[PDB]
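Down below is the structure, laid out as structure tokens.
Because the Cβ atoms are built from the backbone with ideal geometry, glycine has one as well, and the counts that use them run over all protein chains shown. Read-outs throughout are calculated quantities, based only on the coordinates presented, and are distinct from any laboratory measurement.
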């Protein structure tokens with residue numbers, strides 16, 4: 001119902017055997033670049049957000065991408081999402097903590113996020129008038145697809161690529177990112193390439 | 001704002017110099033498969049709809065596609081569109097005439113069309129609850145029609161921007177280029193690019 | 001002397 | 001007891 005053609009190279013990335021844990025750690029969550037309320041585990045494979053009231057808490061991947069095709073799986077349990085679970089990318093300067101529950105990722109000019117609970121897209125957005133994407137229940141696993149040749153961020157679920165959610169990203173250096181509100185949530189990142 | 005990745009092969013098709021007129025005629029409008037109110041011209045390169053009141057009138061291409069990638073440009077002057085100008089594909093059995101002004105292409109189970117005036121998609125649809133595509137944009141004189149029979153999709157590009165599938169689930173069918181028109185003396189050009 | 005659709 | 005977001 002919503003499928004779109006994939007960017008060149010993505011099929012091959014998805015067909016390859018899963019990456020070893022070492023490769024996953026290298027592009028995984030950065031313990032040196034996350035909310036003080038987040039603990040990065042297993043060398044970057046996942047993080048756990050501590051239970052902290054009235055806080056939204058984000059993490060960036062260790063590596064920022066400015067060219068080529070980049071794709072990673074996010075695994076984010078359904079029962080650990082709460083009011084605001086947002087998946088996307090961030091510049092190195094996006095804020096990773098705020099003192100209330102919100103879609104922190106995508107609330108400023110430094111970040112772009114898909115709210116996986118409500119389906120809305122956030123960039124420089126507090127929520128009102130946020131477009132729906134695709135224009136669907138998001139399962140535990142989603143694929144994040146950052147094409148820095150064309151300057152797009154989009155997503156796939158259940159084998160179906162949904163096309164760009166955000167365009168016009170050319171020239172930036174962008175990091176894997178989420179923002180989370182749920183006490184003791186655990187969010188996994190599995191980088192596939194390139 | 002609306003661009004999507006293209007199916008494998010489309011870029012190459014679009015990069016190639018335009019096909020010879022013979023190739024265009026072979027995949028162009030079929031004089032043996034069009035409304036009685038339509039005259040196909042130049043061996044299929046374009047057609048002219050005669051002025052006929054309270055009539056909608058369609059044409060199919062000469063060739064039906066069931067596998068591979070197929071793309072063609074439609075050139076349809078803005079001032080010759082009128083109330084209902086629809087571009088898409090049809091089976092060999094879709095009706096090509098009706099006795100009133102309508103989105104004939106897309107009004108049944110045998111055809112799938114984009115209304116290039118209103119931006120709505122029609123399949124088995126009399127008009128209401130027809131979705132907007134892209135999910136309005138001005139459709140210029142030229143648009144690209146993209147039929148990917150490997151993935152079973154019909155989609156469109158305008159101005160160098162591919163907009164992704166409009167219709168999905170088309171695998172197994174044999175589908176012909178098609179339009180439906182209402183405008184007296186409109187001229188609709190088709191330029192098949194491949195494959 | 002034509003209609004809305006030039007017919 | 002925890003709040004709406006398990007905090």
Every residue from segment A:151-165 that is farther than 14 Å from residue A:10 by Cα and buried (at least 21 other Cβ atoms within 10 Å of the Cβ): A:165
Taking the residues in segment A:139-150 that are in contact with a helix residue (DSSP H, G or I) (Cβ under 9 Å, 6 or more places away or on another chain) and not in a strand (DSSP E or B) as candidates, determine which candidate is surrounded by the fewest Cβ atoms within 10 Å (Cβ to Cβ). A:139
List pairs: first in segment B:70-92 and closer than 17 Å to residue B:190 by Cβ, second part of a helix (DSSP H, G or I), Cβ under 6 Å, 6+ apart or cross-chain? B:71/B:13
Quickly run through segment A:15-43 and pick out the residues that are buried (at least 17 other Cβ atoms within 10 Å of the Cβ) and more than 14 Å from every other protein chain (Cβ to nearest Cβ). A:19, A:24, A:25, A:27, A:28, A:29, A:30, A:33, A:34, A:40
Looking only at strands (runs of 3 or more DSSP E) that fall completely inside segment B:44-129, which ones have 3 or more residues that are away from chain C (no Cβ under 14 Å) and within 17 Å of residue B:165 (Cβ to Cβ)? B:69-75, B:86-90, B:111-115, B:121-123
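Among A:66, A:75, which is in contact with a strand residue (DSSP E or B) (Cβ under 7 Å, 6 or more places away or on another chain) and surrounded by fewer than 17 Cβ atoms within 10 Å (Cβ to Cβ)? Write out each step before concluding.
Details: A:66 fails: in contact with a strand residue (DSSP E or B) (Cβ under 7 Å, 6 or more places away or on another chain).
Answer to the selection: A:75.
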With respect to residue B:176, determine if the residue is over 21 Å from residue B:50 (Cβ atoms), in contact with a strand residue (DSSP E or B) (Cβ under 9 Å, 6 or more places away or on another chain) and either within 14 Å of chain A (Cβ to nearest Cβ) or surrounded by fewer than 21 Cβ atoms within 10 Å (Cβ to Cβ) (or both). no
